[PDB]
Every structure is written in C-alpha cells, then in structure tokens.
Amino acid sequence: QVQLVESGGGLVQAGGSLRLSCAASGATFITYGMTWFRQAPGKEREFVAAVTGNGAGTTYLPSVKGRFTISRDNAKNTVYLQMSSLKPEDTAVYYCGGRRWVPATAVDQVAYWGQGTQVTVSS
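Residues numbered from 1 in each chain as written, not as in the entry; some residues may be left out. Heavy atoms only, no water.

## Examining the pattern of salt bridges
Worth spelling out the cut-off: We define a salt bridge as a contact between a side-chain nitrogen of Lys or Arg and a carboxyl oxygen of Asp or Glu at a distance within 4 Å. Note on classification: 1.4 Å probe, protein chains only; a residue is buried when its accessible area is under 20% of the maximum for its type, exposed when over 50%, partly exposed between these limits. A run of H or I in DSSP counts as a helix once it spans at least four residues, and a run of E counts as a strand once it spans at least two, with each numbered from the N terminus.
Taken as a whole and assessed by the stated rule, the structure comprises 3 salt bridges. With a closest N to O distance of 3.0 Å, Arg-38 and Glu-46 form a salt bridge. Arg-38 sits in the buried class, given a relative accessible area of 6%. Note on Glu-46: relative accessible area 34%, which makes it partly exposed. We note a salt bridge from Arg-67 to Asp-90, for which the minimum N-O separation is 2.9 Å. Here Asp-90 lies in the loop between β8 (78–83) and β9 (92–100) and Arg-67 lies in the loop between β6 (58–60) and β7 (68–73), a separation of 23 residues in the sequence. Accessibility classification places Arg-67 together with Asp-90 in one group, the buried group. One salt-bridge network, held together by shared partners, links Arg-38, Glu-46, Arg-67 and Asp-90.

Laid out in structure tokens, this is it:
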C-alpha cells in the first residue's frame, strides 16, 4: 500500500509560478529516488526533474533548468517542484514517479506513480 498523492496544480498566466507537492506513504521514503514527469495530451510522457534519496543529487530537463527547482523533505515524506517563469510550453499533467535507490530517468523505470495534477498556462 504505497501511495503518492499530488497537489499544487491549476491555472496560471504566463510568467507565473506554481509549487507542486507529492506526499508519499507506505514504503520508506528515503530509499526512493523521486522524479517529476509531464504529459501533454497526445505527446509522450517526458522527464522534467529528478532527485536522489538524500536530496543532494538533482537533474533537470535542459528546457526547464533554472526556471524549475526540485527538492524534498525526508522528514515529512514529500517532494516539491517549484515552477517559475511558466511558458505555454509547460502546460500538461505533471506526474510524480518513485523508483528504489536511483531516480527514474525514463517512464518504464518508475515503480510507483501519483494520480497526476494538471497545470495550465494561458497567455
């Protein structure tokens, strides 16, 4: 009974900001590498950002690097994605994926998913 529950999405104007959260419960959180994926309707689900178990190692999709920040609080079992300078490009459903020991970099590698939270960026 491992469950990932997401929040913080919704609608915002271009240049705006959001903060996604993904609270985990069931397994031991620090043994999982957490990753944010996003999927626009009709396109393939793509990698956005990933963080290691300890929280030291972070990787970003080149596009969103600088604008997006991933982080995690291993005490409260949550991973965050702070989005800034949002473009219409970034409109999609954002999913949080967990994989044991090493963050997933491709969809197939993810062991546990969240329900997915919509982000829409109008202009």
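On we go from here.
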